[PDB]
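Protein sequence lines, in the order shown, are assigned to chains A and G.
Once you know that position 29 of the first sequence is 29 in PDB author numbering, the rest is easy, because the numbers rise by one and skip nothing.
Once you know that position 100 of the second sequence is 100 in PDB author numbering, the rest is easy, because the numbers rise by one and skip nothing.
There are 2 protein chains.
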Amino acid sequence: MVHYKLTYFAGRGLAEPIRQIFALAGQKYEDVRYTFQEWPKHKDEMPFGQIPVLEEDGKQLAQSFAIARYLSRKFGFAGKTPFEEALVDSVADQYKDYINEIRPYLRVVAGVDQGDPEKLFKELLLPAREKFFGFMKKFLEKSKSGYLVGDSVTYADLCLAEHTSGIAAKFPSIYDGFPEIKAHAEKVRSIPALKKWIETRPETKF
Amino acid sequence: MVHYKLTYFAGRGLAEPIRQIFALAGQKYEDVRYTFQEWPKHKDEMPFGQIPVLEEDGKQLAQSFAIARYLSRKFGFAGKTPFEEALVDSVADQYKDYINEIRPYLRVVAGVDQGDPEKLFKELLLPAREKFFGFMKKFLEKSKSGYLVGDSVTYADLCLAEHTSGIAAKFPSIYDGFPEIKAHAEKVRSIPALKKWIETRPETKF
Ligand SMILES: N[C@H](CCC(=O)N[C@@H](CS)C(=O)NCC(=O)O)C(=O)O
Ligand SMILES: N[C@H](CCC(=O)N[C@@H](CS)C(=O)NCC(=O)O)C(=O)O
């Protein structure tokens, strides 16, 4: 039977939406998790010297969004029509831009860089999310479904719900001014197979 | 009949691989270009207040890679199999990461940022491309086709060839230590429909 392996750090980070695609699909996989200490010696194993990396029957696929889209297309979470799949991609790409914007914050919370999460949250994340959540609000207005694109859950939903809920665990004011984005996280995370995964996944700081 | 519009600045930049997909496909489109000056009055029309943005029969799709993939799937430049398509995505996502890395350099040459382009080329671009072209070289070694993934052009190839060609016009030392990357740009840009587009496209600074 097909074998999937996901390799990433011992954390949610860029791998988490991929783990949630597997959960929604009811698809078993090997969840390989590295400490920051163990990781470096495995760098040369990976297509771009980075993680996450998926293996399917021993074939490697790098890049978290390439991996998310590949599995979402296979399992029914990519969008309902070719144009909708593209709309899903555009939202995911806007999310990726936002994450790039807040990278200094994420590196600090992950323990990778030294810093004050609270200060970065206020100075960096709040203004970045004001712009970002503003566009997400627009997509939700258009959909009228509670999901970002179309009438059913996609990997773009998983990315957003995971991010916002993850930050809100530490800094709940992320949702201030944006009750729609809170509603979205709680809608997505209550999908039964996801709710079960969230109940049982390792507790990690990032 | 289907109608496409592409809106971007008066330049190659993020829109150019998309223009090249249309050229390869033999597909007519409305090519709309704004100078830096003319853009602000149009910002709020756009899904994320950024360009490029595609319209297909009046439906907007933003985000350059989402646009490129959508058109590539439609026209035969996305990859031949679902796994190859994902591999193509992964290369394009590494490309995007590289472009992010050299953003400070790009912004100076486009004139958006103030700086020393020669200094940034040597201190930022050369070390970034050494890592990135290293991975691209391994991909070309695997394909044995002259293309990054599989045996025919994909939008990933267009991205790389447009980038390296475009830099090389000013700083041809980008190809130093990477003859295979120069060969790749030459191969891609020699494809007939593309060669013709390159011959006729507006001459722009970026
Ligand atoms: N475009 C990114 C690149 C992945 C990335 O920045 N990888 C990090 C994981 S959060 C990593 O490998 N960190 C350790 C290292 O770069 O050596 C993606 O979405 O996968
Ligand atoms: N993730 C990018 C973002 C698009 C972007 O940075 N667009 C620039 C043009 S290169 C822009 O609209 N700049 C003008 C502005 O933001 O007002 C993409 O691939 O499309």
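Each residue gets a CB set at the ideal place from its N, CA and C atoms; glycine is no exception.
Taking residue 61 (chain A) and residue 86 (chain G) to be in contact with their CB atoms under 8 Å, please state how far apart those CB atoms are, rounded to whole angstroms.
-> Between residue 86 (chain G) and residue 61 (chain A) the Cβ distance is about 5 Å, and since that is below 8 Å, they are a contact.
Return yes when at least one heavy atom of ligand 1 lies under 7 Å from the C-beta of residue 52 (chain A), else no.
-> Residue 52 (chain A): yes, Cβ under 7 Å from ligand 1.
Runs of beta strand (DSSP E) wholly within the region 50 to 89 of chain G (minimum 3 residues, chain order) | Fully enclosed beta strand (DSSP E) runs of 3 or longer: 53 to 56, 59 to 62.
Where the beta strand (DSSP E) through residue 125 (chain A) begins and ends = Neither: residue 125 (chain A) is in no beta strand (DSSP E) and is coded neither H nor E.
Any 3 or more C-beta pairs closer than 8 Å across the region 63 to 78 of chain G and the region 142 to 151 of chain G | Because the criterion of three Cβ pairs below 8 Å is not met, the region 63 to 78 of chain G and the region 142 to 151 of chain G do not touch.
Following the continuous beta strand (DSSP E) through residue 112 (chain A), name the residue where it begins and the one where it ends.
-> It is not in any beta strand (DSSP E) - residue 112 (chain A) carries neither H nor E in the DSSP assignment.
Check each candidate in G:109, G:129, G:100, G:2 and name the one with the smallest Cα separation from residue 28 (chain G).
-> Checking every option, the nearest Cα to that of residue 28 (chain G) belongs to G:2.
Going by the C-beta, is residue 166 (chain A) closer than 7 Å to any heavy atom of ligand 1?
-> Incorrect: residue 166 (chain A) has no Cβ contact closer than 7 Å to ligand 1.
Taking a cut of 7 Å between CB atoms, which residues from the region 128 to 139 of chain G lie near chain A?
-> The region 128 to 139 of chain G vs chain A, Cβ under 7 Å: 135.
Beta-carbon contacts of residue 153 (chain A) that lie in its chain and below 8 Å, excluding the five residues immediately before and after = Within the same chain, residue 153 (chain A) has close Cβ partners 24, 77, 147, 188, 191.
Opening and closing residue of the beta strand (DSSP E) in which residue 33 (chain G) lies | Note, residue 33 (chain G): beta strand (DSSP E), 30 to 34.
How about residue 129 (chain G) and residue 99 (chain G): are their beta carbons less than 8 Å apart?
-> Their beta carbons are not under 8 Å apart, which means residue 129 (chain G) does not touch residue 99 (chain G) by this criterion.
Residue 34 (chain A) to residue 111 (chain A) span [Cα, whole Å] = Approximately 14 Å between the Cα atoms of the pair.
Any beta-carbon of chain A closer than 8 Å to the one on residue 113 (chain G)?
-> Under the Cβ criterion of 8 Å, residue 113 (chain G) is not counted among the residues facing chain A.
Buried versus exposed, by CB contacts within 10 Å (16 or more), residue 169 (chain G) = Exposed.
Comparing the CB of residue 97 (chain G) with every heavy atom of ligand 1, is any distance shorter than 7 Å?
-> Distance from the C-beta of residue 97 (chain G) to the nearest heavy atom of ligand 1 is below 7 Å.
Just by C-beta distance, which residues in the region 23 to 50 of chain G are closer than 9 Å to chain A?
-> Listed by position, the residues of the region 23 to 50 of chain G near chain A (Cβ gap below 9 Å) are 47, 48, 49, 50.
Cβ pair count under 8 Å reaching 3, the region 102 to 116 of chain G against the region 57 to 71 of chain G | Using a Cβ-Cβ distance cut-off of 8 Å, the region 102 to 116 of chain G and the region 57 to 71 of chain G are not in contact, since fewer than three pairs of beta carbons, one from each stretch, lie closer than that value.
If you draw a straight line from the C-alpha of residue 36 (chain G) to the C-alpha of residue 43 (chain G), how long is it?
-> C-alpha separation (whole angstroms): 11 Å.
Once you ignore the five residues that flank residue 64 (chain A) on each side, which residues in its own chain have a CB closer than 6 Å to its CB?
-> Cβ neighbours of residue 64 (chain A) within its own chain (closer than 6 Å, five residues either side excluded): 14, 52.
Note down, in chain order, all residues in the region 155 to 174 of chain A with a beta-carbon under 7 Å from any beta-carbon belonging to chain G.
-> Within the region 155 to 174 of chain A, no residue places its CB atom closer than 7 Å to a CB of chain G.
Sort out for me which residues DSSP pairs residue 5 (chain G) with in a bridge.
-> Checking the DSSP bridge columns, you'll see residue 5 (chain G) partnered with G:30, G:55.
Exposed unless 16 or more other CB atoms sit within 10 angstroms - verdict on residue 183 (chain G) = Its Cβ having fewer than 16 others within 10 Å, residue 183 (chain G) is exposed.
Grouping DSSP H, G and I as helix and E and B as strand, with all else coil, what is residue 129 (chain G)?
-> Looking at residue 129 (chain G) - three-state DSSP - the assignment turns out to be helix.
Contact with chain G by residue 87 (chain A), beta-carbon distance below 8 Å = Residue-level contact check: residue 87 (chain A) touches chain G, since one or more beta carbons of chain G fall below 8 Å from its beta carbon.
Going by Cα to Cα distance, which pick from A:71, A:137, A:30, A:84 is closest to residue 177 (chain A)?
-> Cα-wise, what sits closest to residue 177 (chain A) is A:137.
Give the straight-line distance between the Cα atoms of residue 104 (chain A) and residue 67 (chain G), rounded to the nearest whole angstrom.
-> A direct Cα-to-Cα measurement between residue 104 (chain A) and residue 67 (chain G) gives close to 29 Å.
Would you call residue 114 (chain A) buried or exposed, if buried means 16 or more other Cβ atoms sit within 10 Å of its Cβ?
-> When all chains shown are included, residue 114 (chain A) counts as exposed.
If you draw a straight line from the alpha carbon of residue 197 (chain G) to that of residue 96 (chain G), how long is it in whole angstroms?
-> About 24 Å.
Best match in G:199, G:121, G:70 for proximity to residue 171 (chain G) [C-alpha to C-alpha] = It is G:121 whose Cα lies nearest to the Cα of residue 171 (chain G).
Compare the C-beta of residue 90 (chain A) with all C-beta atoms of chain G and state if any pair is closer than 8 Å.
-> Interface criterion met: the Cβ of residue 90 (chain A) is under 8 Å from a Cβ in chain G.
Within 10 angstroms of its Cβ, does residue 81 (chain A) collect 16 or more other Cβ (buried), or is it exposed?
-> Exposed.
May I ask you to report which of helix, strand or coil DSSP gives residue 39 (chain G)?
-> Coil.
What are the boundary residues of the alpha helix (DSSP H) that residue 175 (chain A) is part of?
-> Premise fails: residue 175 (chain A) is in no alpha helix (DSSP H) and is neither H nor E.
With respect to 7 Å, is the separation between the Cβ of residue 63 (chain A) and the closest non-hydrogen atom of ligand 1 below this value?
-> For ligand 1, at least one heavy atom lies less than 7 Å from the Cβ of residue 63 (chain A).
Separation of residue 125 (chain A) from residue 242 (chain A), as counted between CA atoms | Residue 242 (chain A) lies beyond the residue range present for chain A, which begins at 1 and ends at 206; the question has no answer from this structure.
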